[PDB]
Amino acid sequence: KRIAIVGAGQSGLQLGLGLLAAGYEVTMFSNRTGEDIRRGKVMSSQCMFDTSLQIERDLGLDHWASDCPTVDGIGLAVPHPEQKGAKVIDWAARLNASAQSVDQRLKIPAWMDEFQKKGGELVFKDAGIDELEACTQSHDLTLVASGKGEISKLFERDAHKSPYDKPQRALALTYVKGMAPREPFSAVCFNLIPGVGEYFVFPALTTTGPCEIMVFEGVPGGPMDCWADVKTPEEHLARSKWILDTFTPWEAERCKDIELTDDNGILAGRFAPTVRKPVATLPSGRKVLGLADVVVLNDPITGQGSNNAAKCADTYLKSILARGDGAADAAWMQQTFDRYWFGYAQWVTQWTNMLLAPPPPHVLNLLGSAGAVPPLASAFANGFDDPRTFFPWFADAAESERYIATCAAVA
């Protein structure tokens, strides 16, 4: 009957709104006002694929579907090692159904407003242990949905599900107006710079209207680990243009007239991919359940965090509704995470952690073959909607060859 959620983020608000519509009382804690989120710094590039978008549609929460530009495909380019300014790999494939990127600066505050209008109890405070202890006394279940926030470290790191304990990439985002649209269809335009990093870009919707989002990932200490000395919006734009001129001049051609969407449409940072145990025990002995990035936090190189957020919240909502009047005890909490992890997120996570490492031979054979075998490119593109479909052929050389043959036979 009464649910508390700490952290007014994508997963937490989607869950909270779903719970209100099913007739629960929901208390939510936010450490920011909607307006400060709208006008603050960008948090994400939030490219959501069709299955995740459908989850929002089914809750009536796709309020931006008409105004957000669609992302219709996935592209991959790799610089030619010899021939200057050219590509040795350059292919694209259409997504079976469109993806969309609606800035969290728009979506989170709007969902916060809707949460209130639907009877959600929104409480504004930077919550700590004391708030969790209070919630667990007055609610049948308390979830922590606080992203990369500090209170997330209350959940114990799960070392066996976390192969990394340091950032594998130095990250940056630049939201821009004026980029030349991709033709003849839009796409996430991935650029793999061997041994250096990745640049990818795609159209999106933000607070000033349609834009494109540039995403930069640098191998730590290499030429694209290059944001430390950047201090102003204008130096950020300039450093962004520098990466494209230096490593992806074919993309620089689209960017001769780009401006920032706004001075806060920028970000630089890094974090270690981490998986945590989903049940935390408070000093009183009461329990809380972690949600989405609190328990599964991946590097954004695969564009999956917001997709995880939506699918995680959907799985948790289904689990709550099926429990009915049952107790939300530690076993039910652990089982809810297990279905999410074993059934889905372990595969998103394994795929992403593999891409962070240097690519093995069979993987380079797959990326190259895809430019000549369209069914295999199509399998790569649409694997972004459900990364389970990468297994076992992406991870294993012998299977990659069998799958290349399957694809070649229907080309």
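Numbering starts at 1 and follows the sequence shown.
Checked against the record, the higher mean CA B factor of 276 to 284 and 307 to 315 lies with 276 to 284. The PDB entry reports B-factors from which the mean C-alpha value can be compared for 131 to 139 and 290 to 298; the larger average falls on 131 to 139. Remark: of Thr232, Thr206, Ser186, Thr336, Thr232 shows the highest value [criterion: C-alpha B-factor in the PDB entry]. Across the options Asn382, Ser45, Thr349, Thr70, the residue with the most elevated CA B-factor in the record is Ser45.
Among all modelled residues in its chain, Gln83 ranks in the highest third by Cα B-factor. The entry lists a Cα temperature factor for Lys177 that places it in the highest third of the chain's modelled residues. The PDB entry assigns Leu17 a C-alpha temperature factor belonging to the middle third of its chain's modelled residues. Among the modelled residues of the chain, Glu212 sits in the lowest third by CA temperature factor in this PDB entry. In this PDB entry, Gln54 carries a Cα temperature factor that places it within the lowest third of its chain's modelled residues.
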